[PDB]
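Each remark here refers to the structure printed beneath this line.
Values below: every heavy atom of this structure, side chains too, minus hydrogens, waters and symmetry copies. Atoms within a ligand are numbered from 1 in the order they appear, just like the ligands themselves. Below, read A as the first sequence line, B as the second, and so on, with proteins coming before strands; counting in each chain starts at 1.
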Protein chains: 2
Amino acid sequence: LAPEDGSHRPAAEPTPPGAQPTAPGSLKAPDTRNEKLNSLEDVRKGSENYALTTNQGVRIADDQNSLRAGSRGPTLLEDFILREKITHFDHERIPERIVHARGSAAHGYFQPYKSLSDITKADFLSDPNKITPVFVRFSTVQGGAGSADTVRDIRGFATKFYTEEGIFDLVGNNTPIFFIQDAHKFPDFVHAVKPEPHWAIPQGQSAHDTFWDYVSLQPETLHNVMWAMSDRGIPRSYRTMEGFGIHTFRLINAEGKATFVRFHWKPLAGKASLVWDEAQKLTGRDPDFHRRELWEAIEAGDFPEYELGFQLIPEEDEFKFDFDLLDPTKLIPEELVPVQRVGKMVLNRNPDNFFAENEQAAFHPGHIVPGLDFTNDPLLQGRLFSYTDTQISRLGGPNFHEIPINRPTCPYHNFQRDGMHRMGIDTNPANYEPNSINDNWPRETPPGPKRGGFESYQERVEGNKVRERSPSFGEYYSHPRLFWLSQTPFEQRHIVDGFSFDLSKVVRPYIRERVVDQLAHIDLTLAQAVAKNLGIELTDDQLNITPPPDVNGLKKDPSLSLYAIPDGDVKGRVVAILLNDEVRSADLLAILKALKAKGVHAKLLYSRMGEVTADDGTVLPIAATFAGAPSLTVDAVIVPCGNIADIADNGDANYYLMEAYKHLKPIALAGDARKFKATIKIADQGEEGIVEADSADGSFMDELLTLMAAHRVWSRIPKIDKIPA
Amino acid sequence: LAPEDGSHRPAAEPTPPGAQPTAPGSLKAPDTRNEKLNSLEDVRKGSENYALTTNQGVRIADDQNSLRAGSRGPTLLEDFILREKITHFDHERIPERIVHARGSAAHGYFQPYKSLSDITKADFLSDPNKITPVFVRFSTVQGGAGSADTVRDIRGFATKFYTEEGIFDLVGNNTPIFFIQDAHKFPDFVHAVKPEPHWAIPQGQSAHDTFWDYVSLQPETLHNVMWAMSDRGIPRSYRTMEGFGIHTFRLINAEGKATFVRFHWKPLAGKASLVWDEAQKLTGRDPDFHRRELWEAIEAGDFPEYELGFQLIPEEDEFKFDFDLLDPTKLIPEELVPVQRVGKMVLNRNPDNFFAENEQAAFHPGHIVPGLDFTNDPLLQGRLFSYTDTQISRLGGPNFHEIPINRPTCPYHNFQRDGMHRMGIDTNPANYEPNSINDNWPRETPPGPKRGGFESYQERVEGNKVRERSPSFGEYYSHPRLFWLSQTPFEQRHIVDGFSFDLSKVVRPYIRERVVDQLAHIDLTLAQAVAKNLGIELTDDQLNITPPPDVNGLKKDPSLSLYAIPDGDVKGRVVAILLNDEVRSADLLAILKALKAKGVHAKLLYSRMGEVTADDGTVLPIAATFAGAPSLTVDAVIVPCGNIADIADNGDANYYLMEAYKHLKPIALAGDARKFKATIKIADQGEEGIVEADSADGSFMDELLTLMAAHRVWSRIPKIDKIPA
Ligand code: HDD
Ligand code: HDD
């Protein structure tokens, strides 16, 4: 059944996106190893050269047919082979996660830059030569496992560290705050953003009444709403967003000192987002774009890398800010508390089976290790309850830690027994302590500088038993205002556009008005611009609302913008090349090698599949058609010279350019490809963000790569409004 | 928290789409009832004027906060109010259906046109004035419960009939055959179409290697693949598709006579599908399009209506065709066996809670009633095992019939006891029979003409215990060819396009080639047109493969086409009206009056939200912006006159028309709106499919509504290649 030439099989070496069929990671990259990947070997199952069997090991002779009385007769109950095969199929599904149901995962490793023993006894942070295997799952939040990747939403960034002293799960998002203050409200907020209960619409979207109804009645939400309405809400890929733990946690060192910490992930590839029209159209054209992007970067060797960083605050400075450190709706500005680099995480192999490794992974922020501890952040405090509880249904019982991807790689022993799906066969004569019949093994371990038992930091607690929000949490507008003022002008316009779009889908007009009132508490310019888009007029009262105070003297912080401080990086990005039937082969040599030299991938597109032949007879393999792989999926578009008449009349080829133009992407036109300038209305003397020359040689590719480094051509935003695209 | 004017709350009368927020069915249409809807009253839970409580009935004072030791202190374990609330949240999800996970449902009623008691003793078909409540779920097949509606896929059409003599579930699809012959292969086929197991891509799409690998190796699949690749695979609405039971079943009359029968649903709104570009973009712009359209049609009074129809074959004619009646890859052409009309089904109320009624509903083709019976169809035979089995995990146990949506409205009594979540409290002293202690109640009932026990038709069985496919099943090409030749030239082109598009995404080129080889065994013109798009050249041998035989002398059957015989019905369709800031109210009057007379809905669109005022002071609320509700979501576009300069250079307004044009929709341009003819290159003297006049009037509306009756403008196809849209 395989073809003789063995081309059914992907090469076991790094290859760029689209070159080879994708594969299970252990087959694609058998030589990429780590302690966790190695320890999964006992459950990995081959196939080649094995007989097909039942689950009981009985070889199957005919897997095409049910047993029946007569070849046209009824199927017999004694067909155990049929019923086993159908039984397992009938029971394949398990409940999806209540939130972050949609997510894409990979294996990798972490290493600290230096020992952090002065501030934390955490073993995984003790030695730069200690490597910790990780498993990372990125996700959206609202939509089901089957929803689209490039929605507007918060993203989840969850890291499972398999340390020598326990599993540590760092379960964060791509924004430094959350929507709400106390975990008791999580079911209200989530129910409000999720599909509405009567009809289960809309999937993967905040643009509906219930969401904006809740936000309008709960101003503590406005901060994370600002983030989600910005281009933060539509990242280019999981490799180009930030990660944050949100909560203040504690580090505890061997001398018992507690230091407050907020965790950060910095993307080594830089920050980059889509624009809204492109993100939405991409949910239709490739609802798996981020999942795909991740898997292929790893197959290509473009491993996603992230730097772990810590904002660190002395215990004595707990009360030194305008906001409460325990309030998860407040960020800590980096101008006030810098991020200190701690180490590097590299994601470098895909899983083998998505269901087994990704769908069944269980992350929980209560999974800490000696050297870390909690705080009283009332959102974190409730999360600690939820993540253990939900697994009892999602993964079928209390033995979810024995599902292979979840297993510690370090020793685990205790007196816990039984439960559904129990794999470990305990030989301990004792199932209780204290016992004498096994000399009290396994034994408690006192806390200590290394390898000691967990002891909680002895924080003083003092108060009455109350259901009460701290008055210090009662401020809602200054952080939103701070984020707003830190954005570039084009970022601010995209925020205005995000609010305007979402609220336009709110059927009850009074809800729109109520959100607009809330915006007028943040910044009059924002509020007016959204109001104009909604045909709403601010009242004189709303026009006169005093802006909220700066945050400890800050009127902006540029670390809050995606783009204010360029951190571009082109490796792993992709360029569409629009071919014609007589391509100038010199243009193409110059184009492909320049891209290759910077780790930029290329996709050769035409009006059909198969091949075309260049001017000098080079045979050019076609990756996809113009309609099949639209500009949505690339970072820039290059048109080499040749017989342009071949495609000049192709509506798809023209539309390819107009869509890429509208979404602010670098375009380069060589030789007669400048005839396309008329489609995108480009002036004779040229325009910034359009590379043009007689040929693809000299500075042509360097100028294109310079545009790609800056991600998008923001200066084009005034010009795109005329284009009907 | 509600506004002053009561306008938080939807009018409880029929209203057009967008006029009111959508609502739970019993609040929207409280006067719409049937025996099943009434019987759900014991579990309906209101809310107005009630106190907020725990599930144990304890009133909550503060639903905003966890219990903590001091207002910035840790959350306490004794907070049972938080933990019940979070526990319930943490366990909301249940396993989605293995297949048909994505779906949308409604209540309604069925009734036969005349008594069928000469051919069946089934009670629900016995009396033209006896009404049977139904609950219908429409679905896709491949994607998850959060995947998009307007994918290319087969659709499911499952009807639960709550009869006086038992639940009958008629569990069909929107094409008259399935992909495979024997149930034993179902996990192989479904796994091949589903997302691939390494990376869980792609969602909701057949366009990937594993699917086309299976197809190319299993030519029995080609017939349903033809239907999937045609515009059947992308219906406009669940109201405008056909439904079929696929299998041959039996009708058994009071005298014991068996008649073989295939079941049909005929949509009274006519057959109508999208075009591919539109359908794929619509998965991004509104992934809930079909769910929404169905809910809104019901809210508006455009109740979906279907005619049940039977193809009837006497028992002595079982072998008289050149295909096997028991082969679910073969259709019975209506030219050979006509569909007899049987009754009418009306869907007239939406559910109250999607999860409780739609997600928990359980349909199963084994749920038959006396007067129906099965056949030896080897696909149907294995389905009977799977639907009972799968419910055990999906719905948590064997008491799934006690979940309120699934409960029979007729009596049910037996000796079965216990099981998880047992609701029924049995008083019977006996739990076994035979018993004396309850005088053997409840008792067996002998079979008879009405109110009788179920007895299987005593079919003769003769053969050895074999796992063997019937030789009569081993023909794969003649039904694909019949379907091909029965399609109009534009439908054939769209089929070619669908194959070409899917296969272009297959990475392994030998798989494309093998599928083209298969096409060459169906029809050369089809094989060559697919080959050309793939840059593949047919071999001499392939050009010489003899066409498969006609199906019992048939060279075409026009009933297999969506469009060859007009049957268009505009009621419930929708028109976009592109507003300007000085709308000519005389045009608007004439438009809305003619639309209203045919039950066609309108949406008023503009370049922002809020209101515009017409030339006569009429205040017009704006339903959506041009960008926010694209032409994808309407059936036609009208541009009234007025201040055209307002929108004449708006890129979104121009693009709206270019998109609707590309997708073959009727466009009407009044007065100066005729200037837009420029963006779409219409001849001065006009074009069939573009309605133009000095004003919108009687004749102008007529022309537009005639075009809408014909669904799309197929004659414009040659012209859409040039437009860059
Ligand atoms: C008390 C309820 C609750 C609250 C207040 C939070 N979550 Fe959570 N979260 C859950 C209850 C939960 C959960 C129900 O327990 C999930 C779903 C399924 C699972 O395994 O854990 C979950 C999943 C989940 C995942 C997916 C993990 C994975 O990939 O499997 C991420 C990344 C987060 N959450 C992160 C957050 C962040 C950054 C929060 C605010 C700071 C947050 N959660 C608040
Ligand atoms: C032997 C396995 C098997 C085979 C051969 C089939 N199916 Fe099936 N089908 C299932 C096993 C199944 C299932 C696993 O049992 C589902 C999923 C969960 C459930 O409740 O039923 C299902 C669900 C399902 C639904 C969704 C009902 C709902 O909305 O809940 C429809 C409409 C169909 N099927 C129709 C078909 C048709 C028309 C088939 C071929 C003629 C077919 N199935 C072959």
Side-chain angles (χ1 to χ4, degrees), chain A residues 82 86 89-90 92-93 95-101 103 105 136-139 141 154-158 169 171-175 177-180 182-187 189-190 244-247 328 358 361-365 377 379-391 394-395, chain B residues 82 86 89-90 92-93 95-101 103 105 136-139 141 154-158 169 171-173 175 177-180 182-187 189-190 243-247 328 358 361-365 377 379-391 394-395:
Chain A
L82 171 70
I86 304 296
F89 170 84
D90 284 338
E92 286 189 2
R93 299 296 172 260
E96 69 179 16
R97 292 164 176 69
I98 317 304
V99 279
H100 303 253
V136 173
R137 182 167 185 281
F138 304 104
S139 41
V141 173
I154 305 302
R155 309 301 190 280
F157 189 149
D169 289 335
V171 186
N173 282 346
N174 72 336
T175 71
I177 69 301
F178 198 67
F179 294 94
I180 61 162
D182 184 311
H184 190 77
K185 298 258 24 137
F186 196 64
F189 171 73
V190 170
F244 304 94
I246 308 182
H247 313 291
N358 175 326
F363 301 84
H364 176 77
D377 179 312
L379 188 71
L380 172 59
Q381 282 275 312
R383 288 186 71 200
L384 302 185
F385 172 75
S386 173
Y387 291 72
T388 298
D389 174 48
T390 197
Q391 318 302 345
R394 188 176 63 98
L395 294 184
Chain B
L82 170 75
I86 296 305
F89 174 81
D90 282 342
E92 287 185 7
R93 303 290 178 265
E96 70 180 15
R97 292 159 174 76
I98 317 298
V99 281
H100 297 259
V136 174
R137 192 174 175 270
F138 300 108
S139 49
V141 175
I154 305 296
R155 292 320 187 275
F157 186 156
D169 289 337
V171 188
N173 281 350
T175 70
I177 66 302
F178 202 53
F179 293 98
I180 67 161
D182 186 309
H184 193 72
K185 291 216 72 80
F186 195 68
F189 173 75
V190 173
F244 301 95
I246 299 180
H247 317 290
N358 173 328
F363 297 86
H364 176 73
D377 177 316
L379 195 63
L380 166 59
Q381 284 278 304
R383 290 183 72 200
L384 311 173
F385 169 78
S386 164
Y387 301 70
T388 302
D389 175 45
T390 191
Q391 310 318 337
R394 181 173 72 92
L395 306 175

For B:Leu379, the ligand 2 atoms with a heavy-atom partner under 4.0 Å come out as 5 (C), 40 (C), 41 (C)
Report yes if some heavy atom in the side chain of A:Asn173 is under 4.5 Å from a heavy atom in the side chain of A:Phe244; otherwise report no.
no
Testing the basics here: between A:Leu82 and B:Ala183, what is the closest heavy-atom pair and its distance to 0.1 Å?
CD1-C, 4.4 Å
Give the atom numbers and elements of ligand 1 that come within less than 4.0 Å of a heavy atom of A:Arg394.
20 (O)
If the contact criterion is a heavy-atom separation under 4.0 Å, does B:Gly382 count as touching ligand 2?
yes
Would you say B:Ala362 touches ligand 2, if touching means a heavy atom closer than 4.0 Å?
no
Checking heavy atoms under 4.0 Å, the part of A:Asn173 that sits near ligand 1 is both
Looking only at protein heavy atoms, which one is nearest to atom 12 (C) of ligand 1, and what is the separation?
A:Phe186 CE2, 3.4 Å
Parallel, tilted or perpendicular: which describes the rings of A:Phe189 and A:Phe179, with under 30° parallel and over 60° perpendicular?
parallel
When only distance counts, is B:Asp90 in polar contact with ligand 1, meaning an N/O pair under 3.5 Å?
no
Considering only non-hydrogen protein atoms, determine which one is nearest to atom 27 (C) of ligand 2 and report residue, atom name and distance to 0.1 Å.
B:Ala158 CB, 3.8 Å
Which residue and heavy atom of the protein sit nearest atom 14 (C) of ligand 1, plus the separation
A:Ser386 OG, 3.5 Å
Which residue owns the protein heavy atom closest to atom 23 (C) of ligand 2, what's the atom, and how far is it?
B:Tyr387 CE2, 3.6 Å
Under 3.5 Å, N or O to N or O, is B:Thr390 touching ligand 2 that way?
no
Just to confirm my output: which protein heavy-atom neighbour is closest to atom 24 (C) of ligand 2, and how far is it?
B:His100 CD2, 3.3 Å
Does ligand 2 come near enough to B:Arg97 that some N or O of the ligand is less than 3.5 Å from an N or O of the residue?
yes
Proximal ligand 1 atoms for A:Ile246, defined as those under 4.0 Å from one of its heavy atoms:
38 (C), 41 (C)
Under 3.5 Å between some N or O of ligand 2 and some N or O of B:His247?
no
Should you measure from each heavy atom of A:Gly156, which atoms of ligand 1 turn up under 4.0 Å away?
32 (C)
Which residue supplies the protein heavy atom nearest to atom 36 (C) of ligand 2, what is that atom called, and how far is it?
B:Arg383 NH2, 3.3 Å
Looking only at protein heavy atoms, identify the closest one to atom 20 (O) of ligand 2 and say how far it is in Å.
B:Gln391 NE2, 2.9 Å
Can you find an N or O of B:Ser139 that's nearer than 3.5 Å to an N or O of ligand 2?
no
Show the atoms of ligand 1 that are less than 4.0 angstrom away from any heavy atom in A:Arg137.
28 (C), 29 (O), 30 (O)
Select one of side chain, backbone, both or neither to describe which atoms of A:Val99 lie under 4.0 Å from any atom of ligand 1, heavy atoms only.
both
Starting from atom 40 (C) of ligand 2, locate the nearest protein heavy atom and write down its residue, its atom name and how far away it is, to 0.1 Å.
B:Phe178 CG, 3.6 Å
